[PDB]
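The chain below stands alone and is given as structure tokens, in the form deposited in one PDB entry.
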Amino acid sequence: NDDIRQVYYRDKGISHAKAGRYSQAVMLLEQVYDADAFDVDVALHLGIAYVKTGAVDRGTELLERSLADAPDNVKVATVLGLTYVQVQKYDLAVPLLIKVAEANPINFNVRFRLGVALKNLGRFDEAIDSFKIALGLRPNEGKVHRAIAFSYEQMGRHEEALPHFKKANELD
């Protein structure tokens, strides 16, 4: 039968998604995804693959349905949170990325994107906090020194900004 074939496309699809083979994931997972037999692992992996292959609205919507179906799933909160940052819905990204950072404290990208979201919302002290954690993870990331410098500057904290601007220029 096709049911066992179907199981094979599903797992291979999910595995393409996880490896960053996003086009191949879309090709496989479109053939398995079923909206009235909803499987959150397929939905979440096809969802991020859509966002990555340019079908941003279609993917966001699958990610949002995944969030409705599985409110505690950290993988969904990861891909949806980072997608909201990519589309500038900073509002909606913050709660999601906080929860993921609490669950995976050495996920650098999540911590950084949380800092970015907070910054763009004008929550500079919170932003700074997240940027210091991001620098503890990767002390030589130029982009974090630049973001934290800007955030300290926005608050009038020039003394604290200055070595971060010097470091971003050293790593440049």
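Residue numbers here begin at 1 and follow the sequence given.
A.B. asks: Pick between 67 to 75 and 80 to 88: the one whose mean CA B-factor in the entry is higher.
C.D. replies: According to the PDB entry, the answer is 67 to 75.
A.B. asks: Comparing 109 to 117 with 34 to 42, where is the mean C-alpha B-factor higher?
C.D. replies: For C-alpha atoms only, the mean B-factor is higher in 34 to 42.
A.B. asks: What third of the chain, by the recorded C-alpha B-factor, contains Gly47?
C.D. replies: As the PDB entry reports it, the C-alpha B-factor of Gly47 lands in the lowest third of its chain.
A.B. asks: Using the B-factor values recorded in the entry, state whether the Cα atom of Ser23 falls in the lowest, middle or highest third among the modelled residues of its chain.
C.D. replies: Lowest third.
A.B. asks: Could you place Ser15 in the lowest, middle or highest third of its chain by Cα temperature factor, using the values in the record?
C.D. replies: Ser15: CA B-factor falls in the middle third of its chain.
A.B. asks: What third of the chain does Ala149 rank in for C-alpha temperature factor, lowest, middle or highest?
C.D. replies: Lowest third - that is where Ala149 ends up once the chain's C-alpha B-factors are sorted.
Heads up, the form deposited in another entry isn't pictured, but that's what we're talking about next.
A.B. asks: Would you pick which one of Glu30, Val74, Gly122, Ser23 lies where the chain hinges as its rigid parts rotate between this form and the one not shown?
C.D. replies: Where the rigid parts turn against each other between this form and the one not shown, we find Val74.
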